[PDB]
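Asker: Sharing a structure, written as structure tokens. Questions coming.
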Amino acid sequence: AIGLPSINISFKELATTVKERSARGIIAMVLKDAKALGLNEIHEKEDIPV
Amino acid sequence: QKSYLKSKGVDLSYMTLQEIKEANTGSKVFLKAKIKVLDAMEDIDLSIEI
């Protein structure tokens, strides 16, 4: 509900990109392995199953 | 400087040469210079007309 009046200033550096991804284009890959079974969406390199 | 800016990902298509000259680069500074190094005489050639 109503809280105390709040003034918050946020600093964020949204400049961390190169070769930006296109809005279009979706690739689906199916693989045979013993682990990580199921769907694992991969948005970029940092989130890769280990 | 242009290569560094392109690596940063900024678009230089519309900027003037002056604008790219004074674009913010952070800590790094890029400069270049031209000099010519003198040398003492080592070879002498003379032609004499009698």
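In the structure tokens, chains take the letters A, B, ... in the order shown, each chain's residues start at 1, and ligands count up from 1 in the order shown.
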Counting only C-alpha atoms, a student should be able to say which residues of chain A come within 12 Å of chain B; what is the right answer, written as a PyMOL selection string?
Answerer: chain A and resi 15-20
Asker: List the spatial neighbours of residue B:26 as an mmCIF file with N, CA, C and O atoms, in the first residue's frame - criterion: any atom at most 12 Å away, only C-alpha atoms, same-chain residues fewer than 5 positions off excluded.
Answerer:
data_model
loop_
_atom_site.group_PDB
_atom_site.id
_atom_site.type_symbol
_atom_site.label_atom_id
_atom_site.label_comp_id
_atom_site.auth_asym_id
_atom_site.auth_seq_id
_atom_site.Cartn_x
_atom_site.Cartn_y
_atom_site.Cartn_z
ATOM 1 N N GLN B 1 42.297 6.349 -32.444
ATOM 2 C CA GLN B 1 41.109 6.759 -31.705
ATOM 3 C C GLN B 1 39.843 6.228 -32.362
ATOM 4 O O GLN B 1 38.919 5.776 -31.674
ATOM 5 N N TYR B 4 39.554 2.556 -31.570
ATOM 6 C CA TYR B 4 39.125 2.345 -30.191
ATOM 7 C C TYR B 4 37.639 2.633 -30.025
ATOM 8 O O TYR B 4 36.926 1.886 -29.345
ATOM 9 N N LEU B 5 37.155 3.717 -30.634
ATOM 10 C CA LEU B 5 35.734 4.037 -30.548
ATOM 11 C C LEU B 5 34.885 2.956 -31.204
ATOM 12 O O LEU B 5 33.845 2.560 -30.665
ATOM 13 N N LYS B 8 34.615 0.164 -28.946
ATOM 14 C CA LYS B 8 33.637 0.472 -27.907
ATOM 15 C C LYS B 8 32.210 0.277 -28.403
ATOM 16 O O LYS B 8 31.301 0.044 -27.598
#
Asker: By how many Å are atom CA of residue A:32 and atom CA of residue A:46 apart?
Answerer: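 Going from atom CA of residue A:32 over to atom CA of residue A:46 covers 22.0 Å.
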Asker: Would you compute the distance between atom CA of residue A:44 and atom CA of residue B:3? Give it in Å to one decimal.
Answerer: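 Atom CA of residue B:3 lies at a distance of 24.9 Å from atom CA of residue A:44.
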Asker: From the DSSP assignment of the backbone, select every residue of chain B that is helix (DSSP H, G or I), and format the answer as a list in words.
Answerer: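 Answer for chain B restricted to helix (DSSP H, G or I) is residues 2, 3, 4, 5, 6, 7, 8, 17, 18, 19, 20 and 21 of chain B.
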Asker: Convert the current residue selection to file output with N, CA and C atoms, as a JSON list (two decimals), in the first residue's frame.
Answerer:
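Okay, again.json is ready:
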[["chain", "number", "residue", "atom", "x", "y", "z"],
["B", 2, "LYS", "N", 39.78, 6.28, -33.69],
["B", 2, "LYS", "CA", 38.61, 5.76, -34.40],
["B", 2, "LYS", "C", 38.47, 4.26, -34.18],
["B", 3, "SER", "N", 39.58, 3.52, -34.22],
["B", 3, "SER", "CA", 39.53, 2.09, -33.97],
["B", 3, "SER", "C", 39.06, 1.79, -32.55],
["B", 4, "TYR", "N", 39.55, 2.56, -31.57],
["B", 4, "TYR", "CA", 39.12, 2.35, -30.19],
["B", 4, "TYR", "C", 37.64, 2.63, -30.02],
["B", 5, "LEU", "N", 37.16, 3.72, -30.63],
["B", 5, "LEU", "CA", 35.73, 4.04, -30.55],
["B", 5, "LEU", "C", 34.89, 2.96, -31.20],
["B", 6, "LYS", "N", 35.32, 2.46, -32.37],
["B", 6, "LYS", "CA", 34.59, 1.38, -33.03],
["B", 6, "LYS", "C", 34.57, 0.12, -32.17],
["B", 7, "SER", "N", 35.68, -0.18, -31.50],
["B", 7, "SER", "CA", 35.70, -1.30, -30.57],
["B", 7, "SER", "C", 34.72, -1.08, -29.43],
["B", 8, "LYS", "N", 34.61, 0.16, -28.95],
["B", 8, "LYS", "CA", 33.64, 0.47, -27.91],
["B", 8, "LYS", "C", 32.21, 0.28, -28.40],
["B", 17, "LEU", "N", 34.99, 15.36, -38.26],
["B", 17, "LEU", "CA", 36.35, 15.06, -37.84],
["B", 17, "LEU", "C", 36.66, 15.70, -36.49],
["B", 18, "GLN", "N", 36.20, 16.93, -36.28],
["B", 18, "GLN", "CA", 36.40, 17.59, -34.99],
["B", 18, "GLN", "C", 35.71, 16.82, -33.87],
["B", 19, "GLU", "N", 34.49, 16.33, -34.12],
["B", 19, "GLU", "CA", 33.76, 15.60, -33.09],
["B", 19, "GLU", "C", 34.48, 14.31, -32.71],
["B", 20, "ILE", "N", 35.02, 13.59, -33.70],
["B", 20, "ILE", "CA", 35.77, 12.38, -33.39],
["B", 20, "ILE", "C", 37.08, 12.73, -32.69],
["B", 21, "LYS", "N", 37.65, 13.90, -33.00],
["B", 21, "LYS", "CA", 38.88, 14.32, -32.33],
["B", 21, "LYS", "C", 38.68, 14.49, -30.83]]
Asker: To one decimal in Å, tell me the separation between atom CA of residue A:43 and atom CA of residue A:21.
Answerer: 9.8 Å
